[PDB]
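As written, the chains take the letters A, B, C, D, E and F, and residue 1 is the first residue of each chain.
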Amino acid sequence: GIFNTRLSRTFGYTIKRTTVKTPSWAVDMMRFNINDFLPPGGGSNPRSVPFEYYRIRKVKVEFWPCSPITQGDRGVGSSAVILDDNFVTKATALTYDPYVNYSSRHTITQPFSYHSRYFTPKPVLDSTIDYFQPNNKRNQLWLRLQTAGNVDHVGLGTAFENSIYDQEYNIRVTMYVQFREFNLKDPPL
Amino acid sequence: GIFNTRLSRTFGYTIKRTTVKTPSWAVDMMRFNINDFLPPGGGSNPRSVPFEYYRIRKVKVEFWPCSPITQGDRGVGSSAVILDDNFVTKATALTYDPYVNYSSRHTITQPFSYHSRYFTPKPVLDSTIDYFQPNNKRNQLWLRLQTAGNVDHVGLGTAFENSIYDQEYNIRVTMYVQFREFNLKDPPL
Amino acid sequence: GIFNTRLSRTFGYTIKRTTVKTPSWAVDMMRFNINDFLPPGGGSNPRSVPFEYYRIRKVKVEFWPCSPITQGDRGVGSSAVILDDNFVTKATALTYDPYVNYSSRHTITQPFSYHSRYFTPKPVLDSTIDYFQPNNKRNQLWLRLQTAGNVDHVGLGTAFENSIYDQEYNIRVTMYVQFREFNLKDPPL
Amino acid sequence: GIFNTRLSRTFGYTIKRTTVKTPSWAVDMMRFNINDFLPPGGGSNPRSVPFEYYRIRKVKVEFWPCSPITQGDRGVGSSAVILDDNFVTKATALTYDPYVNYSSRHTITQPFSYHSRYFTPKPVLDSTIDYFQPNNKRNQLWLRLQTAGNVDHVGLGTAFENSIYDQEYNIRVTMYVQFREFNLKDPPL
Amino acid sequence: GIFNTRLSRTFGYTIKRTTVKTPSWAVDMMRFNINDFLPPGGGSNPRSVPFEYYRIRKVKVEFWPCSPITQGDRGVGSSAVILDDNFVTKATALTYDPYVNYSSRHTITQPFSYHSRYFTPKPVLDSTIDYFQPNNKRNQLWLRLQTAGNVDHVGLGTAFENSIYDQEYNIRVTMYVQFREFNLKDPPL
Amino acid sequence: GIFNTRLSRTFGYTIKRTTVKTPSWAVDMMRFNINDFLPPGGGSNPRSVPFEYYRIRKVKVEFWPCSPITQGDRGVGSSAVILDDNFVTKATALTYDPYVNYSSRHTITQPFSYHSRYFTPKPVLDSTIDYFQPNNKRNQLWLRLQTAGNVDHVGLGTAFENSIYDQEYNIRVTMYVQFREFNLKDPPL
């Protein structure tokens, strides 16, 4: 019983100002979990979408700027796809862009420019070995939609060039999911 | 955002015994409401299936017998489709089968025989005028999935021939519904 | 169990003379209810025609004159289709013809001439809102044949030029209906 | 104004037990009249189906058993079509099956088996001469739908083999009729 | 007598400022009535457009900004189509965008960006049941153009992200209507 | 914004009796103005049809008789088309029919006979020079729909033969007009 749908979530991210003169970059990570998109249900149905299995097909991360088009001290960054839960260490002012030479690098124009990334994440099945599957719609694993313990999906790391002014963003993540085995429970009343 | 699914519900019905010698029939009615198939949800989602609109496409009423194949004093009844909320009055021992000459009559062999009816019900929009639409999948009205006040659908009346022995049935109603406008709400936690 | 047929009825209508010199017109509406055409039945069958449902297809109004051809003080009037049960106000002698400019106007010669109209009426579901359907034979609704509470249909209003003489007509109505769901009941005797 | 419809009626028939050891048969007759299917009407319409003429096209006699499938002392009988109102004399325990060598004989398995007969009856126009028409849909006579004096149609005789146990049946006769000349009368009220 | 035309109306909407730091959204509703587009007439014609019936085909809601392109603290919202008169409750600072996961969601870039929505509304025939028709130009109901009591059409709800600065808009609603039955009345003078 | 419609108006005309023995004719004129067909509007809309420009395409003058078919002293007259506002002088009993030799003469049978004239009128732009355009639908001038000062259109003159009895007529003029530039004004309320 397949049901392809779309789930979204919005949150903020700010790159604080720095008095540093050099071009330094701010590094951070981004994971994706389905608990943040799918709330708990009620009653005999533990989740709000009554299905048993799921598998995330795609994610769309949108960096919607919060800064005016008149803001100066512009910069240039990079967003890369990291499917293994080993990101570059979080840094405030690093002397280089680590994600620049990555094959999945897209340039981030800053601060007042929109940046989208559309990709297929991978689940963290074993963080010790960090193995994942290649892209195959027919062979992608089905995970279970747990009650409160779903596994973290992974796949984006960023590097933003710091500035004299604060750079704020409203990040909207949209997960395109595919469920299976409609499992609604209908007790009496 | 269409989602065709199937919702079921099971309950009992008994035709008590009678010392009456004549062939008399027991008349009863059967309505269908979605509150009995779809429970209330939890939180910002008032229902367990997160959709706004619905329209019932078909219903399958199954009379599953509870009586052995050795039971005697067998009989013959009738099930008809009544799409207007004006049934023959409920009777214990009526001297005739009212639903026999109906164009939608199917014979009910009793007591140990299975009887199915598959039809398209109609909602009770105005019980004073009792108007309904003909069968058209493209023009069928969309109703709202209310929180605790959904409208009764209608469409089956029965007439069972009484017997010296009690005739029990387990009735399984299956509604084939079609929802629209996925409306999940995801507050923070 | 479809059954197309024809029903009719006859009654009188008169236009009393007026000493007024100006061209004045007399206004009156016309409703249509089935209880006037279909008497009650007898016994278990509340109506003489054993069906549950109906839906009117067409109506044919016939203004049969009662007057001679030699009558003078001839005039001219109009009739129009009105599907809301909010007609022009009834009037004796109005200084203009309200129904003249309506798109559904058919001229009326007076006093000794035949006049006919052939159209689709509509019912009165909600007199507050006064809504209905366009002409469609497939999507027309099915009403219930009540015992003593059928709904009034609508669809004609008139305007007759007054005169010095009394103008009397014999009005014949004819309905073309379509029943369904043969519902005869055969108790013993 | 033709209207083909279907009228039904249900009643009982029992073959009482006998201590006789031999194979004996119980003979009985079956006539069909429209008064038993069509009740009287009400008011100016003397009958409940407002038509003038009729002619019976077919009849379906169904012997629905009342006995369990575990009942022993089974037997074998015969049902024949007798279109002339001269049946074999009614007998309780006759030493042979009279209807066995009839060209219209169908075997009746007893007691827990269903038996149907579908045929075209004939009216009793003159019981002295006992003449009837062959089967012709285009040339079949139209009779009048009288008020309380309709003519008996004829066409089935049976022979049931007696048993130590009582053999009960619920007999459902269905007449497929064809009316003509819709004659509804609509007085005022 | 069909006449397709276009009626417009302009009004303001402001999202007041908030000292709240989090991303919160301001929720509001939008209904459409023809009294706000069609004024009352004069004399025997109760309305300024001399027709009897109407049905709204489409509506174009245009959010024309009032804010400069240099305004900061930008945001992202959502507009959805709600055809049933049960909107999300009006809120000043809600912790999430309720209309984000709706199938009819369009993103609203704020504050200095234009947003249009072009859709087919539905009338509020019964607010208790909240039923409406699917899109069909041939089967769309004709309503009556009342004098001062027309029914509210429905179909848009919004969610705007709050800001430190006031966000003003000039909203221009354009209804594309279709009238019927030209009913001009021409008394003497 | 073109809108072709039809506007009507009804009024009386009587040819009084004369004791004169000779055949004499009664001459009269007939002009057409849009103020007599289109009333004043209300509010910011000065007219009831909300358009700016107009041009009259055709006019249908219908002489509906008021006299019985038994009336004697019958006669013969003439109706001609006069597109220049210089009619034959109005006369009570003229010794000849002036409009008889006109190329646009149609015979008027009197008194109980219907007479129609269907033609294209012309406006009175300059009564001193009396110039008009030939018939061309594509090149016909657009006039302005003034508030209370529209220009008179012209085009019919008549000659009725007098009689011992009074000859009354109900004259129905129908103008087929074509408007342009829908100019509805919708202030607030």
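By our rule, a residue touches a chain if its C-beta (ideal position, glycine included) is under 8 Å from a C-beta of that chain, and two chains touch if they have at least 3 such contacts.
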item	value
Chain pair with the higher count of C-beta pairs in contact (C-D, B-C)	C-D
From the options A-E, C-D or B-C, the pair that copies C-E, where over half of the contact pairs coincide	B-C
Inter-chain centre distance, chain E versus chain F - centres from mean C-alpha coordinates, in Å	47
Inter-chain centre distance, chain C versus chain F - centres from mean C-alpha coordinates, in Å	36
Length of the line joining the C-alpha centres of chain A and chain F, rounded to whole Å	80
CA centroid of chain B to CA centroid of chain E, Å	40
Residue numbers of chain E (touch at least two other chains)	1, 96, 101, 139, 182, 184, 186-187
Pairwise touch network: line, ring, star, complete, or other	other
Residue ranges of chain C in contact with chain D within the complex	1, 3, 5, 7-9, 35-45, 48-50, 182, 184-187, 189
Residue ranges of chain E touching chain B (in the complex, touch as defined)	84, 86, 95-96, 98, 101-104, 126, 128-134, 136, 139
Chain E partner contacts - residues on chain A that touch it in the complex	6-8, 10-12, 64-71, 170, 172
Chain C to chain B touching residues, read off their complex	1, 52-53, 123, 125, 138-139, 141-144, 146, 149, 151, 181-188
Partner chain D, residues of chain B touching it in the complex	22-23, 69-76, 96-97, 100-101, 161
